[PDB]
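Scroll down for the structure; my scribbles are underneath it.
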Amino acid sequence: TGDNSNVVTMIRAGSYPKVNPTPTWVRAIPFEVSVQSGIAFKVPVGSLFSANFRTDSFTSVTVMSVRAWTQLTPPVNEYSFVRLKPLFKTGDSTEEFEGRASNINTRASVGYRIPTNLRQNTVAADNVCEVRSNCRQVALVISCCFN
Amino acid sequence: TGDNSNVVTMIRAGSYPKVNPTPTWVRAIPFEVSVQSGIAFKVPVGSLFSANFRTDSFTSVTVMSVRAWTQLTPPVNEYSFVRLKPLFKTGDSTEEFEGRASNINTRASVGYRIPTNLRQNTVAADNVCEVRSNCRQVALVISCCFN
Amino acid sequence: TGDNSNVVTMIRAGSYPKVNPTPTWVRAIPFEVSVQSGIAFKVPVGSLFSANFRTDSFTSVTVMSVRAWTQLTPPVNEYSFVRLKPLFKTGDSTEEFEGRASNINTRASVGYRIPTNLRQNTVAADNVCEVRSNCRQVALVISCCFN
Amino acid sequence: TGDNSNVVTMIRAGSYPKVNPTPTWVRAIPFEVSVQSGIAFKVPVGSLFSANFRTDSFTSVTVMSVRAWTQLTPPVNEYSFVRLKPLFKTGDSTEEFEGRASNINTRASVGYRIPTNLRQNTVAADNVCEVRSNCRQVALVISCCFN
Amino acid sequence: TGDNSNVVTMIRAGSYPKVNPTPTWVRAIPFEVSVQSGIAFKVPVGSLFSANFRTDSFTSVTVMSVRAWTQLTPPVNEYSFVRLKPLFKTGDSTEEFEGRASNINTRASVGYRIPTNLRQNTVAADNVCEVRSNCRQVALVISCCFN
Amino acid sequence: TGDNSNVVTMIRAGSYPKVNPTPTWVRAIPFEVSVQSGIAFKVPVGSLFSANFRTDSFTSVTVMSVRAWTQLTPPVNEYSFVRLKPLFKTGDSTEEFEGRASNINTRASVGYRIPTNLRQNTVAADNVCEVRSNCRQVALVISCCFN
Amino acid sequence: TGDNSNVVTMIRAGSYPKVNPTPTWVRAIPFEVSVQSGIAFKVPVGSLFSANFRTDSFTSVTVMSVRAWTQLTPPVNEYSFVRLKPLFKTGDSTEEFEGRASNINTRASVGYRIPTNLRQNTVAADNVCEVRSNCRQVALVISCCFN
RNA sequence: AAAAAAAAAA
RNA sequence: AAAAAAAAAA
RNA sequence: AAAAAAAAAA
RNA sequence: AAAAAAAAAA
RNA sequence: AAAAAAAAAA
RNA sequence: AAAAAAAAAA
RNA sequence: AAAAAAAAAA
RNA sequence: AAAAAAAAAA
RNA sequence: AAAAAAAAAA
RNA sequence: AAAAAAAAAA
RNA sequence: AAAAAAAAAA
RNA sequence: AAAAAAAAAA
RNA sequence: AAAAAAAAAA
RNA sequence: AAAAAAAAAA
């Protein structure tokens with residue numbers, strides 16, 4: 001009931017309720033991946049299941065959106081860039097969403113949203129997307145629903 | 001943005017956001033304890049941290065309310081009863097909140113709410129409350145905030 | 001139902017209700033302490049648990065406010081004064097709330113309120129506050145919640 | 001003053017107030033009595049004064065209402081029943097308020113209210129009412145004012 | 001009364017008021033801590049009591065919020081980052097609030113607020129939080145109430 | 001943000017703010033001075049800087065108002081009286097604000113306000129005012145701004 | 001013109017104005033007189049002209065009202081009293097306005113107002129009123145217009 | 001707030 | 001009147 | 001309620 | 001009329 | 001009151 | 001929100 | 001827009 | 001603007 | 001503010 | 001007209 | 001009409 | 001709330 | 001519907 | 001919501 005109350009008070013409990021010891025969880029997971037120049041890196045869904053994110057008890061996840069930022073400085077004379085290519089078990093996309101920095105000292109960023117019709121579960125062996133960048137590390141923040 | 005959209009679309013990401021790989025979680029945890037006749041059982045807070053509830057990564061928890069139900073049938077000729085005595089590190093209470101069944105085939109239940117001023121963190125070695133019952137098992141559902 | 005009724009009437013009782021034989025109690029407890037000149041006296045919480053106040057069955061108490069009055073006359077030529085320094089298990093305060101009389105024949109008084117965030121339980125061995133006065137006895141009235 | 005305040009604040013206390021170290025207390029007292037078949041049991045008021053209810057410091061009580069429930073199962077083939085006959089020092093009543101269960105596995109219950117004109121004090125040696133039941137134990141919940 | 005008045009004017013003083021020579025004080029305290037790479041640094045509450053902040057007369061403090069900024073440049077090729085893990089005497093948290101810079105020449109920052117239920121006093125020997133950063137110095141600004 | 005919140009939450013800190021480790025402080029300082037019969041006592045500003053008031057870190061103060069009360073009983077047959085003469089570095093005043101008691105057992109009191117045009121800083125060697133009284137001690141409460 | 005202005009500004013003065021180096025002054029003059037038991041004391045107007053009141057440059061005064069208070073304690077067992085009999089150069093009054101204390105430790109007081117038709121000037125040799133009291137000193141506060 | 005004395009004003 | 005603790009209610 | 005000092009905010 | 005200083009007031 | 005120059009501001 | 005290209009509609 | 005300093009005005 | 005701490009008020 | 005996941009409610 | 005994809009905008 | 005005791009009710 | 005029985009009423 | 005935790009937004 | 005007991009208040 002909120003408060004103003006300074007002592008323990010009785011709750012008039014009823015019948016035993018429906019319960020669930022292992023619920024779902026909506027999250028924004030931050031992690032980094034190492035990228036090599038001119039080579040696409042396939043980001044594994046397995047990266048989302050870890051004690052470091054309190055998610056090692058889940059075996060599936062529904063990804064809703066993916067955002068990426070360059071995480072280290074770009075090569076001399078260049079502006080940072082990052083590209084994302086969505087991957088799906090039913091058929092990979094060929095879109096190459098790209099963000100470029102406008103100040104050499106700033107991160108490049110881009111993201112993409114997955115439509116409802118493509119929001120099925122993915123497991124550790126599946127891949128989320130392909131990342132390309134002129135920077136050696138890319139930081140991702142993935143919005144998803146663990147279940 | 002919701003949908004009607006059937007394909008992946010670009011998100012115009014900005015600067016890197018504030019992140020947290022290990023967030024807090026509000027939960028209703030269900031577990032059972034074995035009770036002996038005429039003896040109070042002290043419920044340990046440690047029972048709330050377990051891979052069975054996806055909470056083994058937490059070391060502290062703020063308890064908000066406790067509800068209890070008898071979980072096995074009572075002795076012959078009796079109606080089930082359950083009593084709860086709140087325990088606190090700064091000083092134990094002597095209240096004995098009690099619920100009794102009105103049908104011998106039904107569970108007895110009772111609960112108590114912890115006021116805001118007493119909502120500090122508790123760790124595995126601390127106890128939540130004392131349970132007394134004429135039934136050999138009591139089912140608890142604890143509402144709490146893992147942090 | 002109040003009355004106008006002059007005879008016993010039936011109550012159509014239902015199921016057995018939630019009960020508690022040992023409830024909480026909000027009180028204003030009056031007691032006196034002996035004080036020596038130039039020496040602070042630490043007021044023990046144990047003073048609040050006594051058959052003299054019908055509170056010997058409690059082992060914890062949540063203090064909400066403390067008010068103090070000088071209880072004997074001050075030394076010749078002086079006006080009475082009383083100072084209160086709040087004490088807390090998590091860290092003592094250094095505030096010295098003080099009241100002085102404006103008529104030599106009148107009591108000096110002062111009090112302090114404990115904020116919600118500091119209203120945790122205290123037990124017999126804990127201290128409430130430090131009292132200083134030029135009078136040999138101080139009368140305290142403590143508002144608290146026994147639980 | 002409630003709060004939002006996170007520190008101790010001064011109270012501008014006035015004159016010494018009217019006090020009372022031993023106040024009255026309005027309560028709902030739960031206790032059980034053993035009953036034999038076909039014999040009325042006179043419930044003593046003395047049962048209300050006990051350290052088990054935090055009321056051993058009182059010597060008088062004003063009873064406002066009495067509710068009773070069967071507390072053990074009835075004899076084979078029967079439905080539980082409980083009857084209450086009000087007793088008063090100025091003259092006993094002959095009313096036999098009765099409740100019967102409609103499911104053999106459920107408690108029978110009934111109660112009666114004492115009108116204002118009959119609410120005088122009672123002491124340990126006085127009796128509250130007579131209880132009759134086909135069950136060996138009856139649970140009573142008495143609403144009263146200890147003074 | 002404000003003014004327009006150019007000379008001293010009389011105040012019709014009444015009775016001696018309630019006084020307090022040592023009041024509480026709400027403050028925003030700025031200080032820096034040295035951090036080593038890959039090692040968490042526990043920030044002591046003792047850092048808040050110092051003649052440099054006019055707070056050496058206090059022995060307790062209630063912390064309300066903590067904000068941190070990187071104070072020196074990050075290692076070559078990296079963007080600054082700072083993480084804060086709240087610590088509490090009743091149980092430490094495992095949250096790792098983190099801020100990262102989006103321009104290599106800019107400070108990274110993050111903060112956290114302590115809820116009312118966890119705002120108890122802390123003393124010199126207690127710790128406020130754990131700080132982690134890729135920068136050798138972190139600047140903190142702590143909002144608190146000295147008492 | 002106030003609350004209802006029971007756990008630590010993230011603050012999205014921005015740029016490093018303007019800070020000040022040694023702020024100003026508005027206060028009401030209570031202290032006593034010894035006075036001899038028929039002799040004026042010059043109250044030094046130095047009395048306001050002391051660890052006893054948490055103000056030993058300040059070297060200047062702007063006085064806003066001065067109130068004085070007799071602090072010991074007057075000579076036999078007399079009513080207490082107190083006079084205040086304002087002093088200023090740019091030129092002393094010759095006003096003698098005076099308060100007299102109307103009951104021999106009560107304190108005499110008077111005060112004066114300093115206008116805005118005369119509110120400049122004063123240091124330890126400066127004097128605030130001259131006090132005269134038939135009582136051996138005078139209690140002053142000075143409202144000022146330490147800076 | 002008041003201000004907000006921080007520098008000296010020009011005043012466009014006109015013709016030389018009407019001036020007066022020695023103006024009138026409305027005042028409340030406080031002074032004490034010694035009284036003997038059972039003897040009336042005639043208060044001289046000359047008492048109002050003194051360097052102690054900044055009025056030694058005046059030779060006349062128009063008295064508007066006279067208030068008197070006992071200034072020392074009364075004889076043992078008695079309550080203080082003070083009587084005032086108005087005196088006038090055109091004819092003395094026989095009214096004996098009297099005030100008595102209702103607490104032995106408190107001053108007795110009374111006053112009288114002079115009507116417009118009797119407000120002519122008085123000089124040093126004239127008397128204001130006759131004072132009678134059981135106290136050895138009487139304090140007067142006279143409202144007048146020096147001219 | 002209203003008045004009177006000294007000062008000030010569009 | 002508004003709150004909190006105990007009791008009571010259509 | 002209005003102000004000032006310290007803190008906080010959409 | 002509005003202000004400030006001294007005085008006065010229901 | 002309206003303007004211009006210097007200063008100041010939510 | 002308004003437009004244009006591809007798709008869709010009562 | 002409001003203020004202050006210098007200038008200007010029916 | 002709203003709050004809290006210190007100060008101030010008809 | 002509106003939504004979804006976990007918690008809470010008259 | 002309303003939607004979705006690509007483009008455009010104060 | 002309003003109340004109290006016994007009975008009755010959508 | 002409406003009724004009936006016993007009681008009560010301006 | 002209102003709240004709190006995680007996520008999302010013009 | 002209304003009451004009573006304990007506590008609190010402009």
Side-chain angles (χ1 to χ4, degrees), chain A residues 1-7 9 23-28 64-65 143-145 147, chain B residues 1-7 9 23-28 64-65 143-145 147, chain C residues 1-7 9 23-28 64-65 143-145 147, chain D residues 1-7 9 23-28 64-65 143-145 147, chain E residues 1-7 9 23-28 64-65 143-145 147, chain F residues 1-7 9 23-28 64-65 143-145 147, chain G residues 1-7 9 23-28 64-65 143-145 147:
Chain A
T1 56
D3 249 351
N4 289 129
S5 188
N6 284 151
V7 290
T9 52
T24 54
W25 204 2
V26 178
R27 303 282 305 275
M64 300 183 291
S65 70
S143 305
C144 50
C145 308
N147 66 101
Chain B
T1 56
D3 249 351
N4 289 129
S5 188
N6 284 151
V7 290
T9 52
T24 54
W25 204 2
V26 178
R27 303 282 305 275
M64 300 183 291
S65 70
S143 305
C144 50
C145 308
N147 66 101
Chain C
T1 56
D3 249 351
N4 289 129
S5 188
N6 284 151
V7 290
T9 52
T24 54
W25 204 2
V26 178
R27 303 282 305 275
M64 300 183 291
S65 70
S143 305
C144 50
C145 308
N147 66 101
Chain D
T1 56
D3 249 351
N4 289 129
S5 188
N6 284 151
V7 290
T9 52
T24 54
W25 204 2
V26 178
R27 303 282 305 275
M64 300 183 291
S65 70
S143 305
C144 50
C145 308
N147 66 101
Chain E
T1 56
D3 249 351
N4 289 129
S5 188
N6 284 151
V7 290
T9 52
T24 54
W25 204 2
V26 178
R27 303 282 305 275
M64 300 183 291
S65 70
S143 305
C144 50
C145 308
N147 66 101
Chain F
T1 56
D3 249 351
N4 289 129
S5 188
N6 284 151
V7 290
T9 52
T24 54
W25 204 2
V26 178
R27 303 282 305 275
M64 300 183 291
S65 70
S143 305
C144 50
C145 308
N147 66 101
Chain G
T1 56
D3 249 351
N4 289 129
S5 188
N6 284 151
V7 290
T9 52
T24 54
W25 204 2
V26 178
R27 303 282 305 275
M64 300 183 291
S65 70
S143 305
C144 50
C145 308
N147 66 101

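The chains referred to below are lettered A, B, ... by the order of the sequence lines, with proteins before strands, and numbering in each begins at 1.
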For C:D3, give me all partners under side chain to side chain donor-acceptor pair (under 3.5 Å), at least two apart in sequence or on another chain.
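Once residues adjacent in sequence are excluded, the partners of C:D3 under the side chain to side chain donor-acceptor pair (under 3.5 Å) criterion are D:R113, D:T116.
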
Residues forming a side chain to side chain donor-acceptor pair (under 3.5 Å) with E:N6, sequence neighbours excluded:
F:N117

Which part of the nucleic acid, if any, lies within reach of B:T9 when heavy atoms closer than 4.0 Å are counted: base, sugar-phosphate only, or nothing?
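Sugar-phosphate, backbone atoms only, no base.
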
Please work out if B:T1 contacts a base, only the sugar-phosphate, or nothing of the nucleic acid, heavy-atom cut-off 4.0 Å.
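The answer is nothing, as B:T1 stays clear of every strand by at least 4.0 Å.
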
Does A:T1 reach the side chain of A:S5, with side-chain heavy atoms less than 4.5 Å apart?
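A side-chain contact under 4.5 Å is absent here.
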
Residue met sooner reading RNA chain O from 5', once F:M64 and D:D3 are mapped to nucleotides:
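It is D:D3 whose nearest nucleotide is closer to the 5' end.
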
